[PDB]
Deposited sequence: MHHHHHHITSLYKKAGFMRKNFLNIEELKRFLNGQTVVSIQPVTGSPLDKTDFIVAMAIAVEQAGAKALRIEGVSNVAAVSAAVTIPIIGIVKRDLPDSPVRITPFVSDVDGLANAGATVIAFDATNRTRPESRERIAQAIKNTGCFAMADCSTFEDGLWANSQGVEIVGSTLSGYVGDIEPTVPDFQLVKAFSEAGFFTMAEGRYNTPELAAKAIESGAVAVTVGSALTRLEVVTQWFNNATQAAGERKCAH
């Protein structure tokens, strides 16, 4: 674990999650992007889906934080909400498995998800919304806490939560709308070990609409 913290120190972790339904949401293109960022020097990835985690882990050698995102009709929890998802991700080749650690309505308790991960041997990453979710994660022996779910229960990333997780002594991953290299740099000096970035890198439709909105507004 201290090996992983030293390996990920000062690193940008690349979230390869194309927008759903896109021409780019294809396992072919996800793997190629995975090979591509590793060739460019990325030290770690966040991959969504058991098949994709399996596919990318057979093509690259850098660590994978695995997830399965499901939008349920009965719950607001999305990030790996079932113990069966934990088991498939581990057999797919993920090193860290992230899950929703909020105290919200859930098909399975957050305590039960966390112990399913530990049962595999994978490290656990807790995607949190508040500081209290990090304390809960720490009480359960969770190796990583992240600011992934802050604001999703907003446009600027939440620096105060990554500072507080760092002021507590947690292994803190800043994640959520760190959209420029300057914003991801201030996360590290905010205390993060690493920072995870997705939309600004692997969601072309999103970054495109960021540009047109600002060029079009000027053109009026």
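Several segments of the deposited sequence have no coordinates for C-alpha: 1-24, 178-181, 249-253, numbered from the first residue.
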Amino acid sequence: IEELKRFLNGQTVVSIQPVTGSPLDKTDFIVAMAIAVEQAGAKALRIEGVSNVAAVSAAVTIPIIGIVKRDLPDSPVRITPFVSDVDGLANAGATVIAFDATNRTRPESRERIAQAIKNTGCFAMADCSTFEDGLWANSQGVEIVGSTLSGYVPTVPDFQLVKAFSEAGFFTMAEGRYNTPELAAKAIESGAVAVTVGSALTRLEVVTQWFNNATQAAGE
From here on, numbers count along this sequence of modelled residues.
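Here 62-70 and 155-163 are compared by their mean Cα B-factor, and 155-163 comes out higher. Mean C-alpha B-factor is higher over 181-189 than over the other stretch, the pair under comparison being 27-35 and 181-189.
Of the candidates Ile97, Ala114, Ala92, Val145, it is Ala114 whose Cα B-factor is highest according to the PDB record. Among the modelled residues of the chain, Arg78 sits in the highest third by CA temperature factor in this PDB entry.
Looking at the C-alpha B-factors along this chain, the one for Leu135 belongs to the highest third. For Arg110, the recorded CA temperature factor ranks within the highest third of the chain's modelled residues. In this PDB entry, the Cα temperature factor of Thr12 sits in the middle third of its chain's modelled residues. The PDB entry assigns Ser84 a C-alpha temperature factor belonging to the middle third of its chain's modelled residues.
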